[PDB]
Structures are given as structure tokens and as C-alpha cells.
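For reference, the chain that follows is the form deposited in one PDB entry, supplied as C-alpha cells.
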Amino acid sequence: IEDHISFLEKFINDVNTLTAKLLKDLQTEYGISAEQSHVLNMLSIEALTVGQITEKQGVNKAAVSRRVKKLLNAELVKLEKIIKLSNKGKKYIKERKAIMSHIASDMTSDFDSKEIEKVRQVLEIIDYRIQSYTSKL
């Protein structure tokens, strides 16, 4: 009712903590920070402007500016305006999938693939609506 909201928050806080730790080394091997990493996973999904990234995150523009220019200098991202993933950046996102997929299956090897289907359909509709309300405001 309202603790679904709390749960959701606690669930998201947990996933972030698991991801930070599991991707700890990779990020070090790349010289990329956690701050930057999220931008890379965020761009895996879309080609965004530093503003788009800044609003889709609520943090200080300067901070997003600093991290994007670091990703360019690292050739982990590139230009059109558009800030999209470069191929070296893409391999990180693939080295990231591989590690996520490995632990994810571990924890879901016993689920009913169909139970999950209905659960996913519910989330796609909520997601669909989340994107809808979000446009500006």
C-alpha cells in the first residue's frame, strides 16, 4: 500500500549495493568510477544529451558534465548533442552483462518461467506508465 513503496525502495537499494560490489573490480580495471558506470549502463539503453542524463538523475549538471567528458577522454563514450557508447564502452557493458547474468541465473534457476512472465507483464505496464507520467512536469 505504502510499504510496497518502501519495499520497492529497499529492493532498489539492495540491487545497487549488490551491483556496486560485483562490479567493483571491473570498474577499477577500467579506471571508471561508480558514478560513471551508471552513466554507461544508462546509455546502453539510450543515446542521451548531458542534460537528458542530468534530468533522468536529478544530480548537479556540473557533476554529469565532469563524468561525461571523462568518458569521452576515455573513449568509453562518444558524440552524435548525442552522448552514445563507443565500442570500448560497449565491451564494459558486455563484461557487465556476463557477470550479472551469471549471478542472476544462480538465484532464479528454480523459478517458474511462467510465473515470472505474468510478473513481468505487470511490471511492463507499470514501467509503461512510469515513463508516461514522467514526461516533463
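Position 1 is the first residue in the sequence shown; the rest follow in order. Between two forms, the rigid core is the largest collection of C-alphas that superpose within 1.5 Å.
Next item on the list: Please figure out whether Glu80 and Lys81 are truly consecutive in the deposited sequence or have unmodelled residues between them, and give none, 1 to 3, 4 to 9, or 10 or more.
Entry: Per the deposited record, the segment joining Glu80 and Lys81 lacks coordinates for 10 or more residues.
Notebook entry, point to check: Do the CA atoms of 96-104 or those of 82-90 have the higher mean B-factor in the entry?
Noted result: Between 96-104 and 82-90, it is 82-90.
Checklist line | Stretch with the greater mean C-alpha B-factor as recorded in the entry, comparing 20-28 against 120-128 | finding: Looking at the record's C-alpha B-factors, the answer is 20-28.
Note to self: Please say which third, lowest, middle or highest, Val39 falls into when its CA temperature factor is compared across its chain.
What the structure shows: Lowest third - that is where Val39 ends up once the chain's C-alpha B-factors are sorted.
Missing here is the form deposited in another entry; even so, the following discussion is about that form.
Next item on the list: Look at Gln27 and decide if its Cα position differs by 2 Å or more between the shown form and the other one after superposing on the rigid core.
Entry: It does not, since the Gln27 C-alpha is displaced less than 2 Å between the shown form and the other one after the core fit.
Next item on the list: With both forms fitted on the core, give yes or no for whether the Cα of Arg67 moves by 2 angstroms or more between the shown form and the other one.
Entry: Yes, the C-alpha position differs by at least 2 Å between the shown form and the other one.
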